[PDB]
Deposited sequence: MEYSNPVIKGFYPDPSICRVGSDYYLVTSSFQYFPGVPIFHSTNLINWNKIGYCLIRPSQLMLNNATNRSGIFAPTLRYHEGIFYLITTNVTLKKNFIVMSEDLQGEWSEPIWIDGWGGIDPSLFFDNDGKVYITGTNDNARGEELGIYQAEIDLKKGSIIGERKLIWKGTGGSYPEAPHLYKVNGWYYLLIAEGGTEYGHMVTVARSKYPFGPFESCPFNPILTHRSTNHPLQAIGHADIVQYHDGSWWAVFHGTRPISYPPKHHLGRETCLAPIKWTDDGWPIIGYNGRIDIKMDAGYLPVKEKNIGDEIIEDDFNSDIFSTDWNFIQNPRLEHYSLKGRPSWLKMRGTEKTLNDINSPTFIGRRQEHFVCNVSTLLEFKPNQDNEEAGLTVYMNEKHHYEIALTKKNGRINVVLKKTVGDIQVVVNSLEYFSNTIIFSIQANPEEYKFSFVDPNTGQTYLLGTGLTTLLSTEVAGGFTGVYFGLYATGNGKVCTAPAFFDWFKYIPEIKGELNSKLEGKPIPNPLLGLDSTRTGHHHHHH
């Protein structure tokens, strides 16, 4: 049997996995997007269903001033005696915290802030002796030596017991991070990422008889990397291991699918799966001796995509994210039942601080995305439409707007310091269907007059100019519905009847 990588496609980085009996749960990083920290369930490690998010309340997720360079960084998920612990960093606040749940269909706890625990990638390990350990990176604010830090933690108090100690510097790669501690076959294993989450990314491992070391580096480190290869999967690492209930071992980690030359990626870092074997002399090796493929052997795992939103429910579907904490009053599913009613503010897609926007990840290279919009702009500044969005300086949009008392469909682009109106056509009704055809190189922007069914190609845009390499930050492309008054409140409401995501 076979499966394909990635197992979770689109913007789903830094996977952490947790086994409960014969169920598996997985969390990913979310940066400036709200709600934060998607959570998935699987019974076979291959197929994941999103069950919702871990951070859904302002008290849990403070995203004012967050950008695709900040907000929520790597999350770690652990289970002990009936309680789930989700531990993560809000990099905007420079603070590490834990939330807890005993029922994953319900919401998580208020956060417990871990005072005086800096760095990123916090992780938890429950030892047989009743001790719990927190592990993470060096703290830059304190001028610490580069490497992996650890202490015992009191989970109730959210405080450190005893001393914060450097336990390993890694093999010599940059940014030693993503640390996880495990205990297998009478050894403690410390698993980490090195080389940075880009083309130099790799997984390394060290071992000790003691949770604080001294740790011996694995002699065939790194145990997983696509560095210095031309494989379609790149930037692989930030692994978390699991023993499946049949006794076999597996790792989840992320990787990218870059295109063009030099390689550029726009679907974000995507969650992948690979088997582990343990060598005679007690070391894990991941996949095909430290390498992986898009097609993989499933071992004994039990093997097994169109998404239309009619806005018929008054609860937003789990596909939708907002830029930072949404201004809830600017989105209504109730004003016009069966539609989404959006109120544009002065803020635009060029502004970091919550413009009126709702979006969903691009999860395929080839896809068709569309929406039906009713919008009658009252003034020249007023605008609503469909965006392909990476961050505040990298986005394209097709929209209805007004100029000199005249309604126009426009194609607009922001790339770095360039803001351009690429094309503009007069439009003569209140309703319009916008559609984007995505392929690996190019987005194609069309509109349809709903009353005639006639389609018009308004223009195109390059995928590569929205790539992470170009745009900066740590995320993937979203398709979004937005409204704006371009420096003023938008007096015209925007009504979206539906949204379709049809991947190839």
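Counting the deposited sequence from 1, the stretches lacking C-alpha coordinates are 305-310, 511-543.
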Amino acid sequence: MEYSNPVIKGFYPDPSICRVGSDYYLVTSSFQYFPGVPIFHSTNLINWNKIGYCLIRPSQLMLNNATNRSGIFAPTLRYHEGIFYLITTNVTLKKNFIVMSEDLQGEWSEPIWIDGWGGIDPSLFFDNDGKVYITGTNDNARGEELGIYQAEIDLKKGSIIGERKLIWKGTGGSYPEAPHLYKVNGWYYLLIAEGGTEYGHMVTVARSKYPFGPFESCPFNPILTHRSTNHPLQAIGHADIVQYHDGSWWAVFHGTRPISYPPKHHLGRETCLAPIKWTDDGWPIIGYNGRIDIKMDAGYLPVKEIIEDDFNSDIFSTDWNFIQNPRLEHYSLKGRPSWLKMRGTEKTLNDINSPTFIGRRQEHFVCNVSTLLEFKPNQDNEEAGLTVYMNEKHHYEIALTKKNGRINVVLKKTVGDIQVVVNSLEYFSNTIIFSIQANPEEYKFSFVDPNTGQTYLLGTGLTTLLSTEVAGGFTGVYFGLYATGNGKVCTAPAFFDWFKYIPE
From here on, numbers count along this sequence of modelled residues.
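Higher mean CA B-factor, judged across 482-490 and 6-14 from the recorded values: 482-490. Judged by mean Cα B factor in the deposited record, 334-342 ranks above the other of 334-342 and 384-392.
Across 70, 463, 49, 460, the greatest Cα temperature factor reported in the deposited entry is at 49. Among 313, 256, 356, 362, the highest C-alpha B-factor in the deposited entry belongs to 313. In the PDB entry, a CA B factor belonging to the highest third of its chain's modelled residues is recorded for residue 156. Looking at the C-alpha B-factors along this chain, the one for residue 452 belongs to the highest third. In the deposited entry, the Cα temperature factor of residue 372 places it in the lowest third of its chain's modelled residues. Ranked by Cα temperature factor within the chain, residue 114 sits in the highest third according to the deposited record.
Ranked by C-alpha B-factor against the other modelled residues of its chain, residue 130 falls in the highest third.
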